[PDB]
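Give me the fold of what follows.
(chains A, B, C, D, E, F and G)
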Amino acid sequence: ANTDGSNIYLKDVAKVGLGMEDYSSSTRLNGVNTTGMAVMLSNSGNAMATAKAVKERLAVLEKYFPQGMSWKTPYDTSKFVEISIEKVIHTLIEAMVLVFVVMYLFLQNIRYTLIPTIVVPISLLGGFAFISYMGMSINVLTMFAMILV
Amino acid sequence: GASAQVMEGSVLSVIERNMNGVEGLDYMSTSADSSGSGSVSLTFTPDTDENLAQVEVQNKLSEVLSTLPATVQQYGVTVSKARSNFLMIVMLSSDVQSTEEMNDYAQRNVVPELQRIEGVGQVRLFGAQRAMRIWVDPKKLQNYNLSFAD
Amino acid sequence: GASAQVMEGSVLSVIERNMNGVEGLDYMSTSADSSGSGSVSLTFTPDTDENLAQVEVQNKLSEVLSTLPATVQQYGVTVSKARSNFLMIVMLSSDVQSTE
Amino acid sequence: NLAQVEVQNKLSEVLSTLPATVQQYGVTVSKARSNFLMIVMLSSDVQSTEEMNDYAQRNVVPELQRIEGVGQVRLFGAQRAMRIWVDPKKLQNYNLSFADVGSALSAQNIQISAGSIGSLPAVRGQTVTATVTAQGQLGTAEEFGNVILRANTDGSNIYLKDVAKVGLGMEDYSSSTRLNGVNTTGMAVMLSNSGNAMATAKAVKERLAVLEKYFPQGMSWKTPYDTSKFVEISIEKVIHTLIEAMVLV
Amino acid sequence: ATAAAXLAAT
Amino acid sequence: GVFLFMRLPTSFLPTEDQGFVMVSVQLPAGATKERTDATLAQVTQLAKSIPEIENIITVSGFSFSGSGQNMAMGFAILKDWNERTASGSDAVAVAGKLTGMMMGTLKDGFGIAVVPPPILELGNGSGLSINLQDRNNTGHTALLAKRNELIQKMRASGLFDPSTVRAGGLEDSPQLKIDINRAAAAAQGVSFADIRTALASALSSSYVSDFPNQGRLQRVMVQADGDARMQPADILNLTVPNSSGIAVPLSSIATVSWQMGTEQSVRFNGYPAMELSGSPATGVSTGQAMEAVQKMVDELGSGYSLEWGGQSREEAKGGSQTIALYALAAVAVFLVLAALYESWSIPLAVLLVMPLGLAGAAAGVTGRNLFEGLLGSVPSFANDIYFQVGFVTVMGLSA
Amino acid sequence: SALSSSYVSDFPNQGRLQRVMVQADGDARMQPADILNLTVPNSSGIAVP
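Residues are numbered from 1 along each chain as shown, chains lettered A, B, ... in the order given. Sure, structure below:
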């Protein structure tokens, strides 16, 4: 501030604007600049329901997006668990069919092919209950163990 | 604005010499580079609770904060566990507005929405948020006999 | 030196929305007064140990405290786990000295 | 652990009200026993006790205190420091004061962070980037002795070697140790709550044997006071008595 | 740091 | 059967096809970010010639090796397995294709495409990770020379597949060290606080205060204009204020010259360390390689130590636990059988069947490896975890 | 200042920052007659016993 007035402002020696903090990194998806977000699953949380919920919420929010914007989910780790579960069920059914065929071929009656079918799934359910008691979870290794057993 | 040598010798060594005696510590490391950022990683032997380890590490760090440079204190020092359960990745593409505008929109409109979903443990946004940037021209300062501290 | 809305959206909102996902959480609440004061109430479901909950809450709060305002950081955020209903009330009486 | 968490929470609310010096030095919290588990000496013949104290602080103490079961290690000494001894009778012939010395020391031993040439939010056409470094800091006794306290117009500056004596020394001349009459370097190891004695002593001795390889040329180690030998001998004698009793029966 | 990658993909 | 089993390659888990491949880019030291962006754009345009890829995500200025303007990385996401169920549509085939195409196109810098392991914590092929420390603070040049001497002693006269013994850091690059003249700054009214003020204000950023931006607080930062921090002749021309406000060219105070400095610094367990990597050549146990490395390190002076890092850590502690556990299991099985049959003789008759299953499994694995390799492929099966689980299962059934 | 030390700054001593401390000479803080001659200054600078 001068004695006679005519002060010096901050715009006489500088240029003020709005920007970022760092300017270091720069992301792009297929050539168009983007912004990425990572979602982490909480301990003791289903990994499929959470992905479905996230997708539905994003679809709902998409309505208010500014013109030009869009969203995508290039990666998702909740498909491997679903694939493993499907494989486990497929193998269980195939094993039941094979056991039925072998038992009928050798024993030659339909009253024999029901006992194994009744008794196998109960054992599998008991194993499920025990693993739940110990505080374990459902993942690919557990499914492979079930397939082996 | 700190080289690797300055950063190490002035921050990382000071922080590391005090993290001895934490119950269950296996080994520790230190890394610094010219980008102006560094970290200290402590690995613990199995059978040790991670929450207790984090709290004790924070408490240990609280006793040396007064000996670090002023800038480091202004910015702050974080403490987090390296564990993570990655679930998925979200991308917003515009092609019409700059990346900082998208970052602001995501941080102010989208990130809080996904944090309230059932099963979500944490969401991380990659990128720096906005700030008021001032670009000084030294020629003008020399013409008026001023300085950056002014 | 803050209103009931600046503190709600610059201090309490961050802590609240960042405290989701703590194991055993039931519901939350916040309150902000015009006198630059506020609180966040965090109610857990029974069958959870209070000590583990407090440790987790402290970890979550500490790993987010590096963004809050400078004066709040200089003052500090207090954590308390105590009841709100009274048990007794002890009164002190006298006729030779004032209440101060 | 929970008790320590509560204690830390209660302490963090009062650090801002303690004197400046107390905050500068810091407040420490510990949970360990108050009786020494053992004492390890570092006698040598070509280094003084200050050198061996510095070496023990730098290389030995950190190794011993991340062993399983060790609660605290106490060094009867102190690490090195740059000691300045001012003569008040010379601050008068020049009209100086202690505050001048302190300010001069604090305004000439500061660290500089320059930056980088060709920084990130740069103009188009840039092809190189270089880091910039300046030392601007003192590390030897002569450099400290050549600090300036008063410029003056005549050009005859007043240094720090003119009104003081500067050299390396201990930061705290409080405690000392001797073994059979000769000076040595010792550090007491104290156990921790819920820690074993025999296992801790065995680990300490094994780690010391490992470290012995990198010692300088002339120093050795020994542990003349150890409280696990009695436990070992007691157990051995009890087992021998057990065997004798079985044979007699 | 840890720019776009999670644990780990983008 | 036992001989066939004892000659099987070892590992932890087989590399999977997760649906994405990883890419890394490096440029010559001291490069800007515009060149990195141009190389990344070239890579992105090159990634479109592979129909097996769907989305390419590129991140500039950051890499797992380090952080700098000359480092970048990207992730390529492939179509679902059903759409790419062919011969050369695997993940490893795509990685090889991409690396080969990068080799002949990228004119500035080099890129490498790899397929990450299933679990980062447990990954085969990590090799030997070593960390030399100096216990008496000799310096950086001395430790680098010792590391080079160790690599030479380990590579030529060694057994580590000399093609893999290499350092694991970042080579130095030129810098702009400044030597200030305190004597010269004292010959005039040039203090030492203004020097630091000018040096740290000219070309470095500053964090001043905060301001409320439409609801939430944000920082306020002050930096010099971009036109004043681009050339080396923008520093020495910083005249410093004198006692009477005069300016000193700063050329009479400081001398500016190029040198070579370290762009990264590392520390392990409180001592300066430099990382190194290696791998035993062939037909050599990791134990002998580790012993040779330890003896070689001992050959160096007293003050340079070695310390394993990563997956080498769990191998340093002897793996003499599986043998004990299996012996205990066999003893328990024998005791149970002896109780069941009421004899000390029949249980051994039952236990004599383990070698049959062991030999069957080993022969099957070896034959499948031979058949696969007989058509150009690489041996994919080894003595990993799944082998052990399957062997235990077959043992149980036969028993 | 007449009888106690002061911690001022830090200096690099072979890979570590170590304290810098200032204290009076040994013989200037030995007898009780070194406190009876402090002679603190005044506003105009003239010392007052």
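
Need the CA coordinates for the helix or strand hosting residue F:386. PDB is fine.
Using DSSP states H and E, the element containing residue F:386 is helix F:385-398. Taking Å, rounded to 0.1, in the frame of the first residue of the first chain, the C-alpha atoms of helix F:385-398 are listed here in PDB:
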ATOM      1  CA  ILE F 385       1.300 -77.900  -4.100                       C
ATOM      2  CA  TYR F 386      -1.400 -79.500  -6.200                       C
ATOM      3  CA  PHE F 387       1.000 -82.400  -6.900                       C
ATOM      4  CA  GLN F 388       1.300 -83.000  -3.100                       C
ATOM      5  CA  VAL F 389      -2.500 -82.800  -2.500                       C
ATOM      6  CA  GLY F 390      -3.200 -85.300  -5.300                       C
ATOM      7  CA  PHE F 391      -0.500 -87.600  -4.100                       C
ATOM      8  CA  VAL F 392      -2.000 -87.600  -0.600                       C
ATOM      9  CA  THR F 393      -5.400 -88.300  -2.000                       C
ATOM     10  CA  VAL F 394      -4.200 -91.300  -4.000                       C
ATOM     11  CA  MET F 395      -2.300 -92.600  -1.000                       C
ATOM     12  CA  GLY F 396      -5.400 -92.500   1.100                       C
ATOM     13  CA  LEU F 397      -7.500 -94.300  -1.500                       C
ATOM     14  CA  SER F 398      -4.900 -97.100  -2.100                       C
END
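
and that helix, which residues are buried?
Of all the residues in helix F:385-398, those buried under the rule 16 or more other CB atoms under 10 Å in any protein chain shown are F:387, F:391, F:394-395. C-beta: built from backbone N, CA, C; applies to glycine.

List the contacts of residue D:38.
Residue D:38 makes contact with D:188-189, D:201, D:204, D:223, D:225-228 under the criterion CB atoms under 8 Å, 6 or more residues apart in numbering or on different chains.

Check the offset of the helix or strand containing it from the chain's centre.
Assigned by DSSP H and E, residue D:38 belongs to strand D:36-41. In terms of CA atoms, centre = their mean, to the nearest Å, the centre of strand D:36-41 is found 18 Å from the chain centre.

same deal with stretch F:31-44?
With CA atoms, centre = their mean, you get 23 Å for stretch F:31-44.

what about that stretch, near chain A?
Yes. In terms of CB under 8 Å from any CB of the partner chain, part of stretch F:31-44 sits within range of chain A, namely F:33, F:37, F:40-41, F:44.

from the buried residues of helix F:385-398, which is closest to chain B?
Distance to chain B across these (CB to the nearest CB) is lowest for residue F:387, with 25.2 Å.

residue contacts, that closest one?
F:8, F:361, F:365, F:381.

name the helices or strands packed onto the host helix or strand of residue D:203?
Using DSSP H and E, residue D:203 sits in helix D:197-211. Judged by 3 or more CB pairs under 8 Å, 6 or more residues apart in numbering or on different chains; DSSP states H and E, helix D:197-211 is in contact with strand D:36-41, helix D:61-64, strand D:186-191, strand D:222-226, helix D:229-248.

again, only using 7 Å
strand D:36-41, helix D:61-64, strand D:186-191, helix D:229-248 (3 or more CB pairs under 7 Å, 6 or more residues apart in numbering or on different chains; DSSP states H and E).

Looking at the buried residues of helix F:385-398, which one is closest to chain A?
Nearest to chain A among the buried residues of helix F:385-398, with distances taken as CB to the nearest CB, is residue F:394, at 10.6 Å.

can you pull the contacts of the closest one?
By CB atoms under 7 Å, 6 or more residues apart in numbering or on different chains, the contact list for residue F:394 reads F:357, F:361.

Do you have the strands of chain A handy? List them.
A:14-20, A:26-29, A:32-41, A:70-72 (DSSP state E).

any chance of the ones you listed in JSON lines, with distance to chain B and mean neighbour count too?
Below are those laid out as JSON lines (distance: least, CB to the nearest CB, whole Å; neighbours: other CB atoms under 10 Å in any protein chain shown):
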{"stretch": "strand A:14-20", "distance to chain B": "4", "mean neighbour count": "14"}
{"stretch": "strand A:26-29", "distance to chain B": "5", "mean neighbour count": "21"}
{"stretch": "strand A:32-41", "distance to chain B": "4", "mean neighbour count": "21"}
{"stretch": "strand A:70-72", "distance to chain B": "5", "mean neighbour count": "15"}
